[PDB]
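All residue numbers in this chain count up from 1 along the given sequence. Whatever order the structure lists ligands and atoms in, that order sets their numbers, starting from 1. We use all heavy atoms of the structure for the numbers below, so side chains are in, but hydrogens, waters and symmetry mates are not.
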Amino acid sequence: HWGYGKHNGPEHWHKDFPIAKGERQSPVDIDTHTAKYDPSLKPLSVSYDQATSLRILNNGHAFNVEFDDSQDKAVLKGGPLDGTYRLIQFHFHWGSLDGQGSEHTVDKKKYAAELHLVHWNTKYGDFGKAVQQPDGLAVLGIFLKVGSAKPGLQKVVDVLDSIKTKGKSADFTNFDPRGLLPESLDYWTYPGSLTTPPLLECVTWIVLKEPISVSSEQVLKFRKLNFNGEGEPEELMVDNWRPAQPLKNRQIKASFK
Ligand SMILES: NS(=O)(=O)c1ccc(CCNC(=O)Cc2ccc(O)c(Cl)c2)cc1
Ligand SMILES: [Zn+2]
């Protein structure tokens, strides 16, 4: 099916998923000098105190740390968001080299990786229904640069050996996602889509200005994962990012000056 190779990559997705050339596709390049400061935006509220992580899965495209979203245990509110959005999972997109890997770019600059904390609007009952709504999801994006290690990410790095191939999963309870956040919550926001098929245009993107630093050794372990399943020829899971798409008729708002 779809992937990140030369024959099934982003350039090919539009054939099976025509929405790939849609009105509000993601990611996009964030031109910092074109974004408009919006004084009406309310403070962003990240409430992850009662977060309940459950499992980590290699789905052949990336790895997901899944949470229990049967109640409002971990939610995102405020900012450009109306209502409550529950955290369902988080994952990353990364490159084969430190100079590439992120999906969104800042003034054309590419980061080593990008973290996506996915949340769904509770007004819609379940994730499946939410992806069919223009304001169904809220994804918090965090850029990762290479430098000093991120203590809060090590627990994720150390379990990757147990889910090397597609389809593999492992118990991953008691993980605190608050350990992956930077100091500042300053952000940029715009209406977009999922960055992978089905590419549904149901996302309110909130991208933080401040990146987090991770060590070369931590990102190197991300690159040892496989796109393939067990017993199959090895294809390293690297460069699983979609490039920037046309902004078209959209405006990016900033929470800061
Ligand atoms: N890179 S990104 O923009 O943050 C991002 C985030 C999340 C997704 C997963 C979307 N999955 C489905 O749509 C399948 C589904 C369909 C019905 C369901 O009930 C359930 Cl649970 C799942 C893709 C990309
Ligand atoms: Zn993503």
Original post:
What do the steps show when you test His93 against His116 for side chain to side chain donor-acceptor pair (under 3.5 Å), and what is the final call?
Top reply: CA-CA 8 Å; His93 293 274; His116 288 162; 3.3 Å; yes

**OP:** Evaluate the ring planes of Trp94 and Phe222, with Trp represented by its six-membered ring, and classify them as parallel (under 30°), tilted (30 to 60°) or perpendicular (over 60°).
**Re:** perpendicular

Original post:
Is the distance between the ring centroids of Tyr187 and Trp205 under 6.0 Å?
Top reply: no

Original post:
Any ion pair linking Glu234 and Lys164 (charged N to carboxylate O, less than 4.0 Å)?
Top reply: yes

**OP:** Give the single entry among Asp126, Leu200, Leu194, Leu199 that approaches atom 5 (C) of ligand 1 most closely by any heavy atom.
**Re:** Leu194

**OP:** Decide, yes or no, whether a salt bridge links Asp161 with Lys224 under the criterion of side-chain N to carboxylate O below 4.0 Å.
**Re:** no

**OP:** State whether any protein heavy atom lies less than 4.0 Å from atom 14 (C) of ligand 1.
**Re:** no

Subject >> Test: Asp107 and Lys109 ion pair at under 4.0 Å >> reply: no

Original post:
Any heavy atom of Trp205 sitting closer than 4.0 Å to ligand 1?
Top reply: yes

Subject >> Shortest protein heavy-atom distance from atom 23 (C) of ligand 1, along with the residue and atom involved >> reply: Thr196 OG1, 3.4 Å

Subject >> Closer than 2.8 Å to the Zn ion (ligand 2) - protein N, O or S atoms, ordered by chain and residue number >> reply: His91 NE2, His93 NE2, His116 ND1

Original post:
Any idea which part of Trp241 is under 4.0 Å from ligand 1, heavy-atom wise: side chain, backbone, both or neither?
Top reply: neither

**OP:** Could you list which atoms of ligand 1 come closer than 4.0 Å to a heavy atom of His116?
**Re:** 1 (N), 4 (O)

Original post:
Is the closest heavy-atom distance from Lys129 to ligand 1 below 4.0 Å?
Top reply: no

Original post:
Where does the angle between the aromatic ring planes of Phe143 and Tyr111 fall among parallel (under 30°), tilted (30 to 60°) and perpendicular (over 60°)?
Top reply: parallel

Original post:
What is the nearest protein non-hydrogen atom to atom 11 (N) of ligand 1, stated with its residue, atom name and distance?
Top reply: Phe127 CE2, 4.0 Å

**OP:** Considering only non-hydrogen protein atoms, determine which one is nearest to atom 1 (N) of ligand 1 and report residue, atom name and distance to 0.1 Å.
**Re:** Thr195 OG1, 2.7 Å

Subject >> For atom 16 (C) of ligand 1, the protein heavy atom that lies nearest, with its residue and separation >> reply: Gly128 CA, 4.7 Å

Original post:
Rounded to the nearest 0.5 Å, how far does OG of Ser96 lie from CZ of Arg223?
Top reply: 7.0 Å

Original post:
Taking NZ, NE, NH1 and NH2 as the nitrogens, is one of them in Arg86 or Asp72 under 4.0 Å from a carboxylate oxygen of the other?
Top reply: yes

Original post:
Does a side-chain N-to-carboxylate-O contact under 4.0 Å join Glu66 and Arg55?
Top reply: yes

**OP:** Could you go through the side chain to side chain contact (heavy atoms under 4.5 Å, CB included) check for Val203 and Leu194 one step at a time?
**Re:** CA-CA 7 Å; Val203 186; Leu194 298 173; 4.0 Å; yes

